[PDB]
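A.B. asks: My structure is stored as model_10.tsv, with TSV, C-alpha atoms.
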```tsv
chain	number	residue	atom	x	y	z
A	44	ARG	CA	13.67	-16.42	-14.94
A	45	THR	CA	15.84	-15.59	-11.93
A	46	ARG	CA	16.59	-11.85	-12.20
A	47	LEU	CA	13.22	-11.32	-10.53
A	48	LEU	CA	14.32	-13.83	-7.86
A	49	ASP	CA	17.47	-11.86	-7.05
A	50	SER	CA	15.53	-8.59	-7.24
A	51	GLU	CA	12.78	-9.92	-4.95
A	52	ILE	CA	15.32	-11.22	-2.43
A	53	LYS	CA	16.78	-7.72	-2.72
A	54	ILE	CA	13.25	-6.35	-2.22
A	55	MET	CA	12.90	-8.39	0.97
A	56	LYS	CA	16.32	-6.96	1.85
A	57	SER	CA	14.91	-3.55	0.85
A	58	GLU	CA	12.06	-4.02	3.31
A	59	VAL	CA	14.62	-5.19	5.90
A	60	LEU	CA	17.03	-2.29	5.26
A	61	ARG	CA	14.01	0.05	5.12
A	62	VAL	CA	12.93	-1.25	8.51
A	63	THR	CA	16.56	-0.46	9.34
A	64	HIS	CA	16.21	2.99	7.76
A	65	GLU	CA	13.16	3.55	9.94
A	66	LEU	CA	15.15	1.99	12.80
A	67	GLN	CA	18.16	4.29	12.41
A	68	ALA	CA	15.58	7.08	12.17
A	69	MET	CA	13.01	6.30	14.86
A	70	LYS	CA	14.79	3.93	17.28
A	71	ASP	CA	17.86	6.17	17.34
A	72	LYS	CA	15.50	9.16	17.46
A	73	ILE	CA	14.10	7.69	20.69
A	74	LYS	CA	17.50	8.32	22.34
A	75	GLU	CA	18.34	11.44	20.34
A	76	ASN	CA	15.09	13.42	20.31
A	77	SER	CA	14.07	12.15	23.77
A	78	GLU	CA	17.22	13.49	25.38
A	79	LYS	CA	17.19	16.53	23.06
A	80	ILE	CA	13.69	17.42	24.20
A	81	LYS	CA	15.04	16.76	27.70
A	82	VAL	CA	18.04	19.06	27.12
A	83	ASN	CA	15.67	21.61	25.63
A	84	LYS	CA	13.45	21.00	28.67
A	85	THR	CA	16.30	21.26	31.13
A	86	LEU	CA	15.90	24.94	31.74
A	87	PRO	CA	15.05	28.10	29.92
A	88	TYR	CA	18.23	26.90	28.42
A	89	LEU	CA	20.76	29.57	29.54
A	90	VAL	CA	20.75	32.17	26.78
A	91	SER	CA	24.12	33.48	25.73
A	92	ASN	CA	26.35	34.98	23.04
A	93	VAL	CA	28.70	33.56	20.43
B	24	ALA	CA	13.09	-6.68	64.28
B	25	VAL	CA	16.72	-6.38	65.39
B	26	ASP	CA	19.68	-4.27	64.24
B	27	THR	CA	23.31	-5.37	63.94
B	28	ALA	CA	26.42	-3.68	62.53
B	29	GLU	CA	26.50	-4.76	58.89
B	30	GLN	CA	29.46	-5.33	56.56
B	31	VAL	CA	30.00	-5.22	52.79
B	32	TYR	CA	32.43	-7.83	51.46
B	33	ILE	CA	33.02	-6.17	48.10
B	34	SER	CA	33.95	-7.73	44.85
B	35	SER	CA	36.61	-5.31	43.64
B	36	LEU	CA	34.81	-5.13	40.26
B	37	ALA	CA	32.14	-3.07	42.06
B	38	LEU	CA	34.62	-0.27	42.76
B	39	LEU	CA	36.23	-0.86	39.36
B	40	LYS	CA	32.96	-0.18	37.56
B	41	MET	CA	32.35	2.73	39.92
B	42	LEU	CA	35.74	4.22	39.03
B	43	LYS	CA	35.10	3.72	35.31
B	44	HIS	CA	31.60	5.13	35.80
B	45	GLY	CA	33.04	8.17	37.59
B	46	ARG	CA	36.21	8.70	35.52
B	47	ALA	CA	34.21	8.38	32.31
B	48	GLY	CA	31.27	9.49	34.43
B	49	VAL	CA	31.49	13.15	33.32
B	50	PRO	CA	30.76	15.26	36.47
B	51	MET	CA	27.04	15.44	35.80
B	52	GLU	CA	25.71	13.12	38.49
B	53	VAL	CA	24.30	9.76	37.39
B	54	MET	CA	22.34	6.83	38.77
B	55	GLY	CA	22.42	3.04	38.67
B	56	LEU	CA	21.55	-0.14	40.54
B	57	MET	CA	23.72	-2.38	42.73
B	58	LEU	CA	23.71	-6.17	42.43
B	59	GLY	CA	24.99	-8.53	45.10
B	60	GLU	CA	23.37	-11.01	47.46
B	61	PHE	CA	22.02	-10.46	50.96
B	62	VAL	CA	24.06	-13.15	52.70
B	63	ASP	CA	22.94	-12.60	56.31
B	64	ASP	CA	22.06	-9.94	58.86
B	65	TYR	CA	25.51	-8.76	59.98
B	66	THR	CA	27.04	-8.84	56.47
B	67	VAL	CA	26.09	-8.19	52.85
B	68	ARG	CA	28.08	-8.68	49.66
B	69	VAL	CA	28.18	-6.86	46.35
B	70	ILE	CA	29.32	-9.16	43.57
B	71	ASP	CA	28.38	-6.80	40.74
B	72	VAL	CA	27.80	-3.18	39.80
B	73	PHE	CA	26.45	-3.05	36.29
B	74	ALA	CA	26.32	-0.23	33.77
B	75	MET	CA	23.69	2.27	32.70
B	76	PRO	CA	22.95	4.08	29.43
B	77	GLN	CA	23.88	7.74	29.14
B	78	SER	CA	21.00	9.10	31.23
B	79	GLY	CA	22.01	12.74	30.88
B	80	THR	CA	18.69	14.27	31.86
B	81	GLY	CA	18.73	14.22	35.63
```
Just give me the structure as structure tokens.
C.D. replies:
Amino acid sequence: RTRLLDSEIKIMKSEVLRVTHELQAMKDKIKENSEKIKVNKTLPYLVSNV
Amino acid sequence: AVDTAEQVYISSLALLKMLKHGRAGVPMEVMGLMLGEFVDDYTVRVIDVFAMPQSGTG
């Protein structure tokens, strides 16, 4: 009766690594999408041609 | 209530972090804060110039 113990420690690790999934999403998205809004809100961002 | 000619006894690490911050400080202008101690009226010192995150917005 210990496979559930390893799987529940892995489920606590799943909540931890899912807080880390949400961290690598949202906390990194703070930097990323904040400065990407800010680079989109620099100017009428200098239209151009490839 | 009185004005004297000041002086800045620099730690060299100040200018070292400024040269790293300008060399790696890609020519978009950037901002930070200076950290020393106000010793007296006719002199000041800067013992530290710390680093900033990549504030590339303005």
A.B. asks: Mind pulling up the distance from CA of residue 68 in chain A to CA of residue 48 in chain A?
C.D. replies: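 Answer for the CA of residue 48 in chain A to CA of residue 68 in chain A separation: 29.0 Å.
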A.B. asks: Go through A:87, A:53, A:63, A:80 and flag the residue nearest chain B, using only C-alpha atoms for the distances.
C.D. replies: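 For chain B, the nearest of the candidates is A:80.
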A.B. asks: Could you tell me which residues of chain A sit within 10 Å of chain B when counting all atoms listed in the file, and give me the result as a PDB file with C-alpha atoms, in the coordinates of the input?
C.D. replies:
```pdb
ATOM      1  CA  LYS A  74      17.500   8.320  22.340  1.00  0.00           C
ATOM      2  CA  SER A  77      14.070  12.150  23.770  1.00  0.00           C
ATOM      3  CA  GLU A  78      17.220  13.490  25.380  1.00  0.00           C
ATOM      4  CA  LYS A  79      17.190  16.530  23.060  1.00  0.00           C
ATOM      5  CA  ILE A  80      13.690  17.420  24.200  1.00  0.00           C
ATOM      6  CA  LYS A  81      15.040  16.760  27.700  1.00  0.00           C
ATOM      7  CA  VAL A  82      18.040  19.060  27.120  1.00  0.00           C
ATOM      8  CA  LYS A  84      13.450  21.000  28.670  1.00  0.00           C
ATOM      9  CA  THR A  85      16.300  21.260  31.130  1.00  0.00           C
TER      10      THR A  85
END
```
A.B. asks: What separation in Å, quoted to one decimal, exists between CA of residue 29 in chain B and CA of residue 42 in chain B?
C.D. replies: 23.7 Å
A.B. asks: One decimal, Å: what's the distance from CA of residue 75 in chain B over to CA of residue 51 in chain B, could you say?
C.D. replies: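 So the answer is 13.9 Å.
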A.B. asks: May I have the residues within 10 Å of residue 44 in chain B as a PDB file with C-alpha atoms, in the frame of the given file, using only C-alpha atoms and disregarding those fewer than 6 positions away in the same chain?
C.D. replies:
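Final output, saved to result_14.pdb:
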```
ATOM      1  CA  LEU B  38      34.620  -0.270  42.760  1.00  0.00           C
ATOM      2  CA  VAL B  53      24.300   9.760  37.390  1.00  0.00           C
ATOM      3  CA  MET B  54      22.340   6.830  38.770  1.00  0.00           C
ATOM      4  CA  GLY B  55      22.420   3.040  38.670  1.00  0.00           C
ATOM      5  CA  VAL B  72      27.800  -3.180  39.800  1.00  0.00           C
ATOM      6  CA  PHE B  73      26.450  -3.050  36.290  1.00  0.00           C
ATOM      7  CA  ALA B  74      26.320  -0.230  33.770  1.00  0.00           C
ATOM      8  CA  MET B  75      23.690   2.270  32.700  1.00  0.00           C
TER       9      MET B  75
END
```
A.B. asks: Within 12 Å of residue 60 in chain B, counting only C-alpha atoms, which residues show up once you throw out same-chain ones fewer than 5 positions away? Write them as a compact mmCIF listing (two decimals) with C-alpha atoms, in the coordinates of the input, please.
C.D. replies:
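Output (part-v8.txt):
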```txt
# COMPACT_ATOMS: atom_id res chain seq x y z
CA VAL B 31 30.00 -5.22 52.79
CA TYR B 32 32.43 -7.83 51.46
CA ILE B 33 33.02 -6.17 48.10
CA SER B 34 33.95 -7.73 44.85
CA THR B 66 27.04 -8.84 56.47
CA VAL B 67 26.09 -8.19 52.85
CA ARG B 68 28.08 -8.68 49.66
CA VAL B 69 28.18 -6.86 46.35
CA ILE B 70 29.32 -9.16 43.57
CA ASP B 71 28.38 -6.80 40.74
CA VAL B 72 27.80 -3.18 39.80
```
